[PDB]
Each structure stands twice: as C-alpha cells, then as structure tokens.
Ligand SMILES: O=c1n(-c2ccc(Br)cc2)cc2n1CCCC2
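The chain below stands alone, shown as structure tokens; this is the form deposited without the named molecule.
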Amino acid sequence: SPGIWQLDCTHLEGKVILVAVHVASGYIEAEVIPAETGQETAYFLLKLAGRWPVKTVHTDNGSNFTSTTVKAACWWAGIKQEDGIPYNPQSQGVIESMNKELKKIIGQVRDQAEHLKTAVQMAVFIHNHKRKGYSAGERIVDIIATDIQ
C-alpha cells in the first residue's frame, strides 16, 4: 500500500498531462508532454522512483503496459509494473474525478502563466497542499514514515 502508484493520462490544449497518483494518499506528480510515448512514460517513472519509494505501478493503458522502454525503466528503478485493470470499479470513478478536479484547478490558475506546464505545476501544488484534516502531501509522508519504522 505505501509503494503503490497509478498512472493517469489526460488531455488539455492539444497536449497530454501525464499524472502519477499515490493511491493511498491521493498525492500526485504530473508533467506536460507532447504525446504519451513509451520513452516519455519511462522517463517520468524514472524521475518518480528516484523521488519516492515506488514499489508498484499500475500502468494507465495497454500500450504502456506492453512498452519495452517502460518495462526497461521499471526494471531499472526496481518497479513492479502491473496492469491498471479496475477490478474495483471505484477506481475509474476516483481517477475521472481527479482529472476533473485537476482541470478545474488548471482553469483557476490558467491566466497566471503563459505555458500550460507552469499552470499544471501550480495545479499539482494546490492539489497536494489542499486540506481535505490533512493534505495529500501530509498523508503520503506519514504513510511512508510509518512503513519505514
């Protein structure tokens, strides 16, 4: 549970926002990319896993599941690459809601930056700091520290 992340891909302004969610806390990392390729996905995972103790990644689609580049990054970084099949139906619902919330935040900050990637990082910041009482940022840290002890 402390090591489980879910990948998520959403679209805005003709671009792709690649998101990783720490399932147990709702904490996110995200980046803007021109298109979701194996290489972009692989590079994003490598960044993520150098930053948090990533044990398991549920990939966002079959192409990223299949991709040899993605498997090579998961190999490199010690990540168990898994499918994203929503055996629990509440999963699709949580991600859809997260995408809608993120796009809403992006629209609130959109005039505060020329480039979408700036607005996306502003959105990541607001999302992770939002007290819902703890924030997602507080929850990930507490979950992982408890696991270390």
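The first residue of the shown sequence is 1; numbering continues from there.
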Gap size, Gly133 back to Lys132 (deposited sequence, no coordinates): 4 to 9
Mean C-alpha B-factor comparison - 29-37 and 46-54, higher one: 29-37
Mean temperature factor over C-alpha atoms, higher-scoring stretch between 4-12 and 140-148: 140-148
Selection by C-alpha B-factor (highest) of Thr68, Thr118, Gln90, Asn61: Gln90
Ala123 - Cα temperature factor, lowest/middle/highest third of chain: lowest
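Not on display, but discussed next: the form solved in complex with the named molecule.
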Distance check, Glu82 to the named molecule in the entry with it bound, heavy atom within 4.5 Å: no
Any residue of 72-102 that, in the entry with it bound, places a heavy atom within 4.5 Å of the named molecule: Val94, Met98, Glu101, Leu102
